[PDB]
């Protein structure tokens, strides 16, 4: 298991601010055969971003269509991404499930499209504060992971991300012990449905207010293999979060 650190810029950036930020990220000396680091700019920033980042950084887009090419105004198909040599996609992010009504079935259809078209997928899921307070966290996560887990065929090319919804953008980070408990269950699902070797190969990242202060204690946990990072990835100090995985 290679550790994996991903910057989700969400809906942020200007041409100038991406030049300044990618310059800082390029100054970090790391070996991309030892750690995957991926940046996810806004779609219209993808070209600018890929041009500026050195190739040690992988790139991807923040969403991909559940449909293939055709009459889907506004959508970007996995086929189109493949032809732009876009390497990664994020699927299942809380913001898409929340504001745009994306369902588990949408997530399954997007992963199917992504794998069919040679895209690697960062697939996110997690329980709300209400579900956690009803003591339903593992049941929720188990249902969300089983919505798509049978589609995975190469266990290096799908990366799972546990982001409890209450930790996203709030500063209320899960503790390393809370994250680990859930990651151990996610890995156990993959073991059950896919086999032990596959479960030991797959990366399971944590996300939900990861920052420079708390990242080392999270990644030290046995079943936490890196991070999907939102607000902290817009800052030049994001390099220190990469360093925690080095």
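Numbering follows the first chain given and starts at 1.
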Taking only the CA atoms, which stretch has the higher mean B-factor in the record, 61 to 69 or 195 to 203? 195 to 203
Mean CA B-factor: is it higher for 213 to 221 or for 183 to 191? 213 to 221
Residue with maximal Cα B-factor (values as given in the PDB entry) among 155, 88, 94, 162: 155
Most elevated Cα B-factor in the entry, residues 131, 173, 144, 114: 173
Looking at the temperature factor on the CA atom of residue 148, which third of the chain's modelled residues does it land in? middle
Entry-reported C-alpha B-factor of residue 106 relative to its chain, by third, is highest
Ranked C-alpha temperature factor of residue 48 among modelled chain residues, by third: middle
How does residue 7 rank on Cα B-factor within its chain, lowest, middle or highest third? lowest
Taking the C-alpha B-factors as the PDB entry records them, is residue 125 in the lowest, middle or highest third of its chain? lowest
